[PDB]
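Here's a solo chain for you in C-alpha cells, the form deposited in one PDB entry.
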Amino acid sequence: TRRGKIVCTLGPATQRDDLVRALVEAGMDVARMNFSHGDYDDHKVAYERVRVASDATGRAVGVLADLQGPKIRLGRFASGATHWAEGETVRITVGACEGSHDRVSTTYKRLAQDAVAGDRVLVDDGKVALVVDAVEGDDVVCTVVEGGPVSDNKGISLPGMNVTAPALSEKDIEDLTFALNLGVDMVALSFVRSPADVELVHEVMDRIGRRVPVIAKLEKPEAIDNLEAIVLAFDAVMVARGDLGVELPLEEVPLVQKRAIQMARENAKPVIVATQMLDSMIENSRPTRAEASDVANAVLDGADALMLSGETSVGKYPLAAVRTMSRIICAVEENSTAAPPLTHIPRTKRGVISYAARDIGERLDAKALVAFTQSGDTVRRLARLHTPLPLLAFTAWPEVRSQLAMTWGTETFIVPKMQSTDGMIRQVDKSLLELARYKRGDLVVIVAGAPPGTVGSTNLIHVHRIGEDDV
C-alpha cells in the first residue's frame, strides 16, 4: 500500500450523498476546507461527513482549514458577469460602486495608491490579463491584453506590485475562530511573506485557547526569499503553485517547489505540493501525460503529500482523480521510495535516533519501524528519510493521528498513555497483533522515550520480536 499522502479539497462536487465517504475509501488522507468559498453550514456539514467517514473506515483523515488570506478580488457587476475582450478599456476603482463592463470595484483599497502604468493584472490565476494605462484619482484604467470572462468577486494578481495588507484579514480571524471551535486538526495561511505571520495566527489561537499546526502556503516572492525562516517558524509548508505561478514567473516554480520540499525535509516539516497536478481531470476521466509526470516528479522530489484542488472541489471525476493520483504515486514507490539525500548529518537527539532506527530496521529486514510520539516530531524525523519499511506512529493524543495524516509513509495507532517503556512495547505487541499482517515472532524496531509522555524525551531503540520475552 501507498506511502505518499493525498490531500483533497471539499466543495460542491463532494457534497453529493456519501461522496466524502467515497473519497476517504479511495485514499483521501487530508480534507482541505477552502474558506474562500462556501457558508459555515457547508463547512460544518463537510467536516461532519469527514469525521464519520474517518471513524467509520478507521482511516485517519486530517481536516485542514485553508484561510483565504489578503486575497485581492474584483467587486460585483450589475450583470453578475461580463466579457472582457482583447482591446477593451476597463476601470478598476477603490471607490464604492456596483460594477459594469467598463467600471468595477476591488477589495484592495490601496490600488489607486500602489498601481502605476505598465503594471500587469492577471485574473482567475492568469486567463484574462490587463495592463495598467492610467490611475485617475480613485480609478485604475487598464487595457485587456488577453481577453475572456470575469464574474462577481473574481480574484486578481498584481505581480511585483508591493501589497500592504494584514497577514490575517478580519474575515480570516472569524474563519480561524469558527474552524478551531469546529475541531479542525491543522490551519493553512494563504500569502505568507514573513516568518512573523505565524505569531498573529498563534495570538488568535491563544485567545480561543486552542493551537493546531499552522501550514505556511508558499505563493509570494517574499515567502521564497525567506523560505528557511518561514519553514522553521511554521509547522508545515504548502507549495501553492496556482498563485506562486502568477506572483513569480511560472517557469521559476518547478525549482522553487524542489528547493522548498528539500527545505521542509531538512527541518522535519510536512510539505504539500498543490494545484493543477491533474487539472484536466476536472473535465476528463484520464489526465495528460504532463499531469501524470507532474505527480510522479512531486513523489521523487520528496513531497510528504500531493493535493487536489478543483479536481475534487468542483470536478466531474473527484473519485477518479483521487484513484488516479493514488495509482501514479504507487507506480513510483513500487520502483523505489528513495528521496534526495539530506545535505546535513542530523544533530538533534530525535534526528540522530530516528536515523539510527531506520538503519537498524532496513539492515535487519524488520517488518516495521515503530516510533512513540507526543508531538509527532520523532516520527517526522523518520518519515523525511523515506524508508520502504512500514512506519507506525504510536501516540496517546488522537489529534496527533489526524496531524500525521499528512506526514509521508506514516500510519498512526492510538494507545493509552503508558508510564513505562516496557508498557509501550506491550502496547505495540497488543495493537499490532490485532492486524492479520503482523504475527508473533515478526521482528520490529521500536523508538521510545522516558520519562514517558514528555516531548523530546525520545532516547531508546529496541529490536523486538512480537510476543517474545526480549524486553
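Numbering starts at 1 and follows the sequence shown. C-alpha atoms forming the largest set that superposes within 1.5 Å between two forms make up the rigid core.
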(message) Tell me which stretch, 102-110 or 302-310, has the higher mean Cα B-factor listed in the entry.
(response) 102-110
(request) Mind pulling up the entry and telling me whether 204-212 or 267-275 has the higher mean Cα temperature factor? (result) 204-212
(message) Among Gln262, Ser190, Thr89, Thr395, where is the Cα B factor highest in this entry?
(response) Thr89
(message) Between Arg32, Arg51, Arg59, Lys430, which one tops the list for Cα B-factor in this entry?
(response) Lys430
(request) Taking the chain's C-alpha temperature factors as the reference, tell me which third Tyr40 falls into: lowest, middle or highest. (result) highest
(request) Please rank the C-alpha B-factors of the chain's modelled residues and tell me whether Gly69 sits in the lowest, middle or highest third. (result) middle
(message) Ranking every modelled residue in this chain by its Cα temperature factor as given in the entry, which third contains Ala338?
(response) middle
(request) Check where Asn297 lands among this chain's C-alpha B-factors and tell me if it's the lowest, middle or highest third. (result) lowest
(message) Ranking every modelled residue in this chain by its Cα temperature factor as given in the entry, which third contains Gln15?
(response) highest
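Below, we turn to the form deposited in another entry, even though it does not appear here.
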(message) If you fit the rigid core and then compare C-alpha positions between the shown form and the other one, only one of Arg259, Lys171, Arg76, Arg210 moves by 2 Å or more. Name it.
(response) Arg76
(message) Quick check on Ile360: with the core superposed, does its CA move 2 angstroms or more between the shown form and the other one?
(response) no
(message) Using a rigid core superposition, assess whether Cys97 undergoes a CA shift of 2 Å or more between the shown form and the other one.
(response) yes
(message) Once you overlay the rigid core, does the Cα of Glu136 travel 2 Å or further between the shown form and the other one?
(response) yes
